[PDB]
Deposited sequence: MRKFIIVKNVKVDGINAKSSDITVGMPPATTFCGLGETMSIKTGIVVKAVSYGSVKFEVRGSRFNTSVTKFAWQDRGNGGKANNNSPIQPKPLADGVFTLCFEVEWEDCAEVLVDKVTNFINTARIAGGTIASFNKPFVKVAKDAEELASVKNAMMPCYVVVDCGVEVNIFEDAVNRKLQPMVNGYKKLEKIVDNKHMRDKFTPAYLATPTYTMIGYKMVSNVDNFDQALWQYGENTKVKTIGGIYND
């Protein structure tokens, strides 16, 4: 059994649209993975992966006219979790976390009641996947040459996928945590595509998680 908790229509206000010096818009998979990680940390619930879908999204000033690129949107979240208790307690915990959580600095103002979906095999995974509808999920398409030439030629979209460590911080004067290994780092990128979750063939290719070399990845790899 694979367990998933789904939270529909998460309305977020005041998102920091700037994810890197050259990316403005949808918060990257690192942010949602970070959200799942924080929930596991403060809830104790084991989060294996996260799939996230765009329902609504608008960068302020991009549709009509009125500093730090700010946006507002509506997301649909799906956390893969390991949970051997009743669904209700799980749902309550997730509710209480999401109520006070933040996505890329953006306040959560509203969301549907979290519900649980279970999958015995890959075929029920489709029911799980379609429980998210309607929303556009992010799938990894990888880099062919580099993000600029890929953006021009493959007409895809760059997204922060992790970081490259440049140097180890030698003096921890202004470091809030003086024990955890700290590094000066710079964003790494991949190329992503959007798909209506119902049209995604293998759900594992939209389930994001942490991985080696300071990166986030999908469970099922590059999209097919």
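Gaps in the coordinates relative to the deposited sequence fall at 67 to 89, 248.
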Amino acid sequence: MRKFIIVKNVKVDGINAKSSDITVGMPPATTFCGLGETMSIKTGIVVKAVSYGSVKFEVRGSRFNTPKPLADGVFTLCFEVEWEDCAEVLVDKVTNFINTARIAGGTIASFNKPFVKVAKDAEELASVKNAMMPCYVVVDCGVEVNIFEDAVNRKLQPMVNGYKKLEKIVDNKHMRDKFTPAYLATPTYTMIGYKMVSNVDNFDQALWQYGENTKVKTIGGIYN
From here on, numbers count along this sequence of modelled residues.
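In this entry, the higher average B-factor at the C-alpha atoms falls on 167 to 175, of the pair 193 to 201 and 167 to 175. As listed in the deposited structure, the average C-alpha B-factor of 176 to 184 and of 158 to 166 is greater for 176 to 184. Within the listed group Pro28, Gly34, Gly44, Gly61, the record reports its top CA B-factor for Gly44.
Annotation for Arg2: C-alpha temperature factor in the highest third relative to the rest of the modelled chain, per the entry. In this PDB entry, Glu80 carries a Cα temperature factor that places it within the middle third of its chain's modelled residues. Per the PDB record, residue ranking by Cα B-factor puts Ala119 in the highest third of the chain. In the PDB entry, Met132 places in the highest third of its chain by CA B-factor.
The deposited CA B-factor of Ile98 belongs to the highest third of values across its chain.
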